[PDB]
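So the structure is just underneath, and the comments pick up after that.
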Amino acid sequence: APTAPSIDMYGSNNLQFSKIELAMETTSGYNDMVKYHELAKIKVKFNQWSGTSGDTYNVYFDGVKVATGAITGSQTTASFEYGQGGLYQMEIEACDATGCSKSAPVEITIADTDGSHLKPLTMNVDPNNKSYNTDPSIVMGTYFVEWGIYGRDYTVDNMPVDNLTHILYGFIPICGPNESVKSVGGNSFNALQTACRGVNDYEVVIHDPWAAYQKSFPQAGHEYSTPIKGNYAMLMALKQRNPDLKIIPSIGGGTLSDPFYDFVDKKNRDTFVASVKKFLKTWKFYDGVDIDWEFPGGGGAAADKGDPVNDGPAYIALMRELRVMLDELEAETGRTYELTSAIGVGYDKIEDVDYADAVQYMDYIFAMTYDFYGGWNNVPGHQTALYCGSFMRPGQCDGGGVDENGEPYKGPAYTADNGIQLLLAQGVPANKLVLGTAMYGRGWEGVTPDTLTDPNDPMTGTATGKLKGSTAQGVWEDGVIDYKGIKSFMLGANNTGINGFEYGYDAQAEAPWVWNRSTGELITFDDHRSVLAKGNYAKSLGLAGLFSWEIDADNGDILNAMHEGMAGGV
Ligand SMILES: CCCn1cnc2c1c(=O)n(CCCCC(C)=O)c(=O)n2C
Ligand SMILES: CCCn1cnc2c1c(=O)n(CCCCC(C)=O)c(=O)n2C
Ligand SMILES: CCCn1cnc2c1c(=O)n(CCCCC(C)=O)c(=O)n2C
């Protein structure tokens, strides 16, 4: 017989609650911005403006009582805790000694990071991406980058997810020594220093919380009060659409690998592995972990770091210790968690790790069979070729011979086949290796015809510097160009070459190029033909599948050719 409660929607955070508390309007340390609770804190204000209020309230979700407390006046705030994400019809009842009166039901949301409160994501994929029916057991992976939402304007709902089995989210940094990040300029280091305030060294953090969970995406149905927004809320809604798609955070990458060189100390590994466990319990849409340490032994961005005696065994120990932790999560959740790693494939990188030992702990190795040549120097070559190119010298392919100064080659050439063969020779099983495809070109200026030793092959020339171009042409950093920019501005509709560029293909290497003989611009990349050759290769060797770097740079053609090539190999 009291008055039925009316729910104050605006005073109850629009009935949006969450197991994860996320700061939405600042940028601070990771431990200050992100706190995961086993029970969501619920606070609901209700009013009884007319008649009597009664003395007690009960709260129901879907008919089931979840809380009770005192009413002592005409406005009451009910505070309680609840453990399970999703959407529930809430009713609040006010009671006196004579009876109870229930409010009309209203939907409350309790966010959780598995996306249990979310509908399947609405997609907006470029229709140049075709449908395939590739065997679900073949890996078809790609990297999606956190910063691609900015100038590149490529968001989670643009991914052709039905053509993927694995999405690797690039990149999760590690707090600690990170000089390599400073050298890249822009805000990357300042963002990391901010994220790491109040965080122990060697723990993972989110690099850009605005892209990860603050930015409101209208296509995802985000509102002011939505407790999780950003790329991460869209990836959660994507798992509701595609529950078998594996979404895996990639830790490190070329500029964020400096802290790994301190993993020779096991206490730093222990700190890192515990931070990864907490991260996967905080962000439950993730299905494992991908380690992108570039590179054990060195030769990467940190010129002053790298230990070829100890980094190998440390990498192996880290995989073993991650697999231990992941087994604990599997035991706790009843889920399967995957452990993978993207690795360098030059002989001088592979020689520093016993991968047959490491891979026993791992589901897949993503062989980075790209970046073999590029604008960091003026020597052209195929950056992602399967085999040795026509431009190579006698003895250069297998490392038997000498360079132009007569100095012995130190090891076999940088090609995808040389890397895969070295890894098989160590005893890595073929069915754990994933072959990489580039959705980008690398390139140079100044490779003009007077510099060539073979007049029909620009790979025999000499550059003056890195390729330059505008972001309108897909050039986001000197020396690199999106595949879709090569296609729009250099190849043209017919693949015969436009804007002063001509197309060529080195059939021995399985590698395309475009070359502008007057500016000397020369770009090495992957195309439909070379990607079919890679798929025929992967199928011949019984590799696990193919993956690509990075998805925003494709227009459909490369991912289509990945599926075609895997269907089509002979
Ligand atoms: C986490 C979401 C709640 N939340 C939302 N915005 C927040 C917080 C928060 O908790 N802290 C400080 C945390 C106290 C010290 C610690 C060990 O974390 C903040 O500064 N900001 C801006
Ligand atoms: C804005 C995109 C430029 N951009 C180009 N390359 C980039 C970035 C970038 O931003 N971040 C992350 C740091 C966060 C910076 C910010 C504005 O919050 C990166 O790691 N890389 C490699
Ligand atoms: C962010 C990465 C791009 N990047 C920026 N500077 C670079 C690279 C790069 O990729 N490689 C090739 C690594 C060798 C890989 C192999 C086949 O072993 C480089 O040598 N330098 C100087």
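Atoms within each ligand, like the ligands themselves, are counted from 1 in listed order. For reference, positions follow the sequence shown, starting with 1.
- Annotation: side chain of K410 is in contact with side chain of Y347 (closest heavy-atom distance under 4.5 Å).
- Regarding atom 14 (C) of ligand 2, its nearest protein heavy-atom neighbour is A191 CB, 3.8 Å.
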* **Worked check of side-chain contact (heavy atoms from CB on, under 4.5 Å) between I149 and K215** => CA-CA 10 Å; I149 63 157; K215 172 167 176 89; 3.8 Å; yes
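- When only non-hydrogen protein atoms are considered, atom 13 (C) of ligand 3 lies nearest to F295 CZ, 4.1 Å.
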* Take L256 and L192 through the side-chain contact (heavy atoms from CB on, under 4.5 Å) test and state the conclusion after the steps. => CA-CA 10 Å; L256 299 168; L192 182 55; 4.2 Å; yes
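- Ligand 3 does not have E477 within reach: every non-hydrogen atom of the residue lies 4.0 Å or more from it.
- Summary of contacts: the protein heavy atom closest to atom 1 (C) of ligand 2 is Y150 CD1, 3.8 Å.
- Listed by first and then second residue, the side-chain hydrogen bond (donor to acceptor under 3.5 Å, both in side chains) pairs that reach into residues 385-395 are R393-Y409, sequence neighbours excluded.
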* To do: Could you give me the CA-CA distance, side-chain angles and deciding distance for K534 and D526, then say whether salt bridge (charged side-chain N to carboxylate O under 4.0 Å, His left out) is met?
  => CA-CA 10 Å; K534 283 180 182 186; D526 253 337; 2.7 Å; yes
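- Considering only non-hydrogen atoms, atom 20 (O) of ligand 2 lies nearest to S188 out of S188, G148, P173, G253.
- Annotation: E294 places no N or O atom under 3.5 Å from an N or O atom of ligand 3; distance criterion only.
- Closest to atom 22 (C) of ligand 1 among all protein heavy atoms lies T26 CG2, 3.5 Å.
- Among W513, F391, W444, the single residue meeting the ring-ring contact (aromatic ring centres under 6.0 Å, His included) criterion with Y373 is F391.
- With sequence neighbours excluded, no residue forms a side-chain hydrogen bond (donor to acceptor under 3.5 Å, both in side chains) with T255.
- Protein heavy atom closest to atom 12 (C) of ligand 3, with residue, atom name and distance, is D371 O, 3.5 Å.
- Here atom 15 (C) of ligand 2 lies nearest to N187 when heavy atoms of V181, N187, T255 are compared.
- In this structure, atom 5 (C) of ligand 3 is not in close contact with the protein, since no protein heavy atom lies within 4.0 Å of it.
- Side-chain contact annotation: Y261 with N310, donor-acceptor N/O pair under 3.5 Å absent.
- Scanning the protein heavy atoms around atom 7 (C) of ligand 1, the nearest turns out to be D32 O, 3.6 Å.
- Ranking the protein heavy atoms by distance from atom 3 (C) of ligand 1 puts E21 OE2, 2.9 Å first.
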* Dump the intermediate steps for side-chain contact (heavy atoms from CB on, under 4.5 Å) on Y315 and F263, then the final yes or no. => CA-CA 8 Å; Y315 176 96; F263 285 19; over 6 Å; no
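- The nearest heavy-atom contact from the protein to atom 10 (O) of ligand 1 is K35 NZ, 2.6 Å.
- Relative orientation of the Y169 and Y286 rings is perpendicular, given thresholds of 30° and 60° on the angle between their planes.
- Using a 4.0 Å cut-off between heavy atoms, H207 contacts ligand 2 through its side chain alone, with no backbone atom that close.
- Looking only at heavy atoms of the protein, atom 18 (O) of ligand 1 is closest to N31 O, 2.9 Å.
- Of the protein's non-hydrogen atoms, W147 CE3, 3.8 Å is the one closest to atom 19 (C) of ligand 2.
- Residue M24 does not touch ligand 1, judged by heavy-atom distances below 4.0 Å.
- Of the heavy atoms in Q383, none comes closer than 4.0 Å to ligand 3.
- By the 30° and 60° cut-offs, the orientation of the rings of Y154 relative to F144 is tilted.
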